[PDB]
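Heads up: the structure comes next, in structure tokens.
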Amino acid sequence: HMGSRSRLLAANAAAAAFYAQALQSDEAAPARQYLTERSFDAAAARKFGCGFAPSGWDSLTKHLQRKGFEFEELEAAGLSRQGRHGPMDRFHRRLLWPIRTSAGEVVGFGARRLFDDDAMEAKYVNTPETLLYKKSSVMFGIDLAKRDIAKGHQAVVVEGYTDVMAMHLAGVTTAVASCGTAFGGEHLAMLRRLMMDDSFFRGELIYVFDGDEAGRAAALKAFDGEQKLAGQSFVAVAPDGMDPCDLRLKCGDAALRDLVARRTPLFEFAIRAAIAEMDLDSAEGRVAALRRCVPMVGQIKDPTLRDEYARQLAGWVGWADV
Amino acid sequence: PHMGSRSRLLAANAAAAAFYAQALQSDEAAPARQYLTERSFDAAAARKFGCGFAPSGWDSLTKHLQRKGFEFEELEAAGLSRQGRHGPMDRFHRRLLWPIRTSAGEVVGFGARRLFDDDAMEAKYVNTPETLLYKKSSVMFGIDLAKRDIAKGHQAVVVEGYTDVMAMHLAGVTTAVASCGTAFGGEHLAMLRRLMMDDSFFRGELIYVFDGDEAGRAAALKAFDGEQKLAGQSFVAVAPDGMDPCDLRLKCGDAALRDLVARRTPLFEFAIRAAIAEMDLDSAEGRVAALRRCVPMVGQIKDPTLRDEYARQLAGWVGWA
DNA sequence: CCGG
């Protein structure tokens, strides 16, 4: 019993319920306000398991001790930690999102700052590295998205928790996000796995970015590795400044479906973005353009995909009929 | 053993290929050189694929290989020689040979084309029979060359003939392969599938290239059969006016072949539109009959996503219904 | 007094 995977999963399960309840308190008011300020209702908050870490030292810790859970289990789960005058909660006075497995089991939490006087000055904090929670492989929204990415042959990587919420609410049920860290290799590996039918990868990685420099960072990065999924990788970028949560407030739910639908392939975006910062209106800047982007084509390892982008260069700079 | 082993048999075929290659430069090998040069294959080409000529006579190669030390038991086992009444004799006579190899380049047999008018063998093409090395249902011409580019490019191009593979490779299509003697089956298909995975998780696009249309029909018919997993990744391309890839190169040059490949169609799309091509789209009552023939076909697609993408376009292909 |  003591400290098993199923025991820790039962603790995090108990903790999520407690935090979910705590969202309906008086001191939780600004946590609810954060949600409703960006158009998330009481239905939405319940759908994603949203909760409030209350004030005090050991609200949760005692709650789980009083329903059987020994402290040594709770520290290994990442819920509590050793304080000077005994045990205490990890999370305090913050809006929480339960981070689940694809099976739907809670392994940890993402917590946002609400109050100015909160000692923890970081904007977001997470459950630390545990047996269950692993930063580099865990994803928010994967429980809900699992079915529709396998069916849809499509994943939509977004930055934040509220960005996953806004996408899923707008119909884009394939949206997910990396929790407290950069999107990575074993995140990719996990999503790739679900999109397999037979022994064949099949689908679309759609990376949604906010701010165009953040998109251009992914662009210049696209040519780096073995370019394993590059052919099936795509970029969409919201109207300058915005993110999927904001886009849904200003321009409604349809604007997200279109943003996702009108994604650009990763290499195309990278190349054409470099052409965008050039003068295509003379013979000099036409040559300067090819002089920088033909090398980018040269780096493409798939000869099939390389030849496709070679064909479209003279079109994009201006030297031929598009 | 020492005599009649696998590596010994490969040595016999390797020798045989070297012998037949040399023989292509002979005087009586004029029409065999003519066959190649007539369809735009120069001396550089002929040496790449290892083209050769089987000489006139009875036991030309066999004697040459017996001088090299090979026993008759080995040469018969290799499918190079055979027992005639007054002694051993060659399998091939007075014919342009191409050696057929493994993916690692090891010669396992030959494909021979009829040249002369007074050839004893009536067949247009002859092959090495079933040996320890030569299995007709898994053997493919050009695989040694295409091996790499099929894996990296994630693309194979299946053509009908030897000259079609040659034409494709000279034209820059370095993913072209061909069946030898029999039609393209599952053991060929299942090998290229294995290959295009790239020792990994990759789906590659398999591109069939047909001369006429009965083949395109036969492939269109077979598109919907049983579990149809690799049918989704299969593609078809057909040359205009019923020409093979070799003659498409002769007349319309190397640019046609590369773009024939580029302008290939999905197998399902080809099959559906082939059926639409046999109906009167002029009247509005014809438009409706066409829609009615095709949603049964679209219905037979087992993948939901493909079906939806094919049911989408069905308006456009009917001429707006 | 070959083989196909």
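Just so we're on the same page: first chain in the structure tokens is A, next is B, and so on; residues restart at 1 for each chain, and ligands are numbered from 1 in the order they show up.
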As a count of residues only, please: all residues of region 187-312 of chain B that backbone DSSP puts in strand (DSSP E or B). 13
Mind running chain B against chain A at 8 Å and telling me each contacting residue's nearest atom pair with the distance in Å (one decimal), counting only C-alpha atoms, chain and number ascending, as a tab-separated table?
```
residue	atom	partner	partner_atom	distance
B:152	CA	A:302	CA	6.9
B:153	CA	A:304	CA	5.9
B:197	CA	A:200	CA	7.9
B:201	CA	A:200	CA	5.3
B:202	CA	A:200	CA	5.5
B:203	CA	A:200	CA	5.3
B:229	CA	A:198	CA	7.8
B:305	CA	A:152	CA	7.6
```
Store the residues of this selection in a file with N, CA, C and O atoms, as a short mmCIF file (atom, residue, chain, number, x, y, z; two decimals), in the first residue's frame.
```cif
data_model
loop_
_atom_site.label_atom_id
_atom_site.label_comp_id
_atom_site.auth_asym_id
_atom_site.auth_seq_id
_atom_site.Cartn_x
_atom_site.Cartn_y
_atom_site.Cartn_z
N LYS B 152 15.39 7.07 -47.96
CA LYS B 152 15.52 8.48 -47.59
C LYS B 152 14.37 9.34 -48.10
O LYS B 152 13.77 10.12 -47.35
N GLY B 153 14.07 9.20 -49.39
CA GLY B 153 12.96 9.92 -50.03
C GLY B 153 11.57 9.50 -49.60
O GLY B 153 10.63 10.28 -49.75
N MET B 197 9.80 2.67 -44.55
CA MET B 197 9.73 3.00 -43.11
C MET B 197 11.01 3.64 -42.59
O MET B 197 10.96 4.35 -41.58
N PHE B 201 9.26 5.01 -38.30
CA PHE B 201 7.78 5.03 -38.27
C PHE B 201 7.13 5.63 -39.53
O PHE B 201 5.94 5.93 -39.52
N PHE B 202 7.89 5.75 -40.61
CA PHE B 202 7.49 6.60 -41.74
C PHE B 202 6.55 5.95 -42.75
O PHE B 202 6.69 4.78 -43.10
N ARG B 203 5.57 6.74 -43.20
CA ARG B 203 4.73 6.38 -44.34
C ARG B 203 5.33 6.97 -45.60
O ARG B 203 5.63 8.17 -45.65
N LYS B 229 -4.99 -0.64 -45.95
CA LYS B 229 -4.12 0.22 -45.15
C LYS B 229 -3.11 0.96 -46.02
O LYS B 229 -2.93 2.17 -45.88
N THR B 305 -11.68 9.42 -42.33
CA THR B 305 -11.06 10.67 -42.79
C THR B 305 -10.93 10.74 -44.30
O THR B 305 -11.25 11.77 -44.90
#
```
Leaving out region 114-121 of chain A and any residue of its chain fewer than 6 positions from it, which residues lie within 12 Å of it when counting only C-alpha atoms (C1' of nucleotides), given as a ChimeraX atom specification? /A:27-35,52-55,90-96
Could you take the residues named above and write them with C-alpha atoms, as a PDB file, in the first residue's frame?
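Below is the file out-v3.pdb, written as the result:
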```pdb
ATOM      1  CA  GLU A  27     -11.273  34.145  -0.477  1.00  0.00           C
ATOM      2  CA  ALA A  28     -11.190  32.304  -3.840  1.00  0.00           C
ATOM      3  CA  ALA A  29     -13.158  35.218  -5.441  1.00  0.00           C
ATOM      4  CA  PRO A  30     -10.191  36.621  -7.492  1.00  0.00           C
ATOM      5  CA  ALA A  31      -9.492  33.097  -8.889  1.00  0.00           C
ATOM      6  CA  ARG A  32     -13.056  32.928 -10.262  1.00  0.00           C
ATOM      7  CA  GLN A  33     -12.686  36.535 -11.481  1.00  0.00           C
ATOM      8  CA  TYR A  34      -9.526  35.629 -13.457  1.00  0.00           C
ATOM      9  CA  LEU A  35     -11.584  32.950 -15.263  1.00  0.00           C
ATOM     10  CA  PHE A  52      -8.120  27.279  -5.733  1.00  0.00           C
ATOM     11  CA  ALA A  53      -5.230  26.623  -3.338  1.00  0.00           C
ATOM     12  CA  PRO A  54      -6.491  28.252  -0.127  1.00  0.00           C
ATOM     13  CA  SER A  55      -4.583  30.357   2.388  1.00  0.00           C
ATOM     14  CA  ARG A  90       3.048  23.193  -1.505  1.00  0.00           C
ATOM     15  CA  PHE A  91       0.486  25.504  -3.148  1.00  0.00           C
ATOM     16  CA  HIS A  92      -0.958  28.648  -1.516  1.00  0.00           C
ATOM     17  CA  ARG A  93      -3.416  31.348  -2.685  1.00  0.00           C
ATOM     18  CA  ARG A  94      -3.350  30.425  -6.385  1.00  0.00           C
ATOM     19  CA  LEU A  95      -5.631  29.291  -9.214  1.00  0.00           C
ATOM     20  CA  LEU A  96      -4.799  25.629  -9.956  1.00  0.00           C
TER      21      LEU A  96
END
```
As a ChimeraX atom specification, please: the residues near residue 165 (chain A) (cut-off 12 Å, only C-alpha atoms (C1' of nucleotides), same-chain neighbours under 5 positions excluded). /A:35,38-41,43-50,97,140-142,144-145,158-160,170-177,244-246,248,253,256
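For the pair CA of residue 293 (chain A) and CA of residue 216 (chain A), the interatomic distance is 14.4 Å.
Ranking B:188, B:113, B:258, B:148 by their shortest atom-to-atom distance to residue 168 (chain B), with only C-alpha atoms included, puts B:258 first.
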Restrict the distance test to only C-alpha atoms (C1' of nucleotides), flag each residue of chain B within 12 Å of chain C, and return the flagged residues as a ChimeraX atom specification. /B:58,84-87,120-122
Residues from the last selection, C-alpha atoms, saved as a PDB file, in the first residue's frame:
```pdb
ATOM      1  CA  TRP B  58      25.703 -24.138 -76.986  1.00  0.00           C
ATOM      2  CA  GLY B  84      21.683 -31.198 -72.924  1.00  0.00           C
ATOM      3  CA  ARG B  85      21.962 -34.566 -74.722  1.00  0.00           C
ATOM      4  CA  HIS B  86      25.597 -34.315 -75.969  1.00  0.00           C
ATOM      5  CA  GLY B  87      26.603 -32.445 -72.750  1.00  0.00           C
ATOM      6  CA  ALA B 120      14.567 -20.827 -80.876  1.00  0.00           C
ATOM      7  CA  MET B 121      12.780 -19.311 -77.859  1.00  0.00           C
ATOM      8  CA  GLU B 122       9.471 -17.682 -78.911  1.00  0.00           C
TER       9      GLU B 122
END
```
At a cut-off of 12 Å, using only C-alpha atoms (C1' of nucleotides), what residues contact region 79-83 of chain A? Leave out same-chain residues fewer than 4 positions from it and give the result as a PyMOL selection string. chain A and resi 8-16+18-19+53+57-65+69-75+87-92+98+106-110+126-130+132-133
Residues within 10 Å of residue 76 (chain B), please, as a ChimeraX atom specification. Count only C-alpha atoms (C1' of nucleotides); anything in the same chain fewer than 2 positions from it doesn't count. /B:4,9,62,71-74,78-83,88-91,131
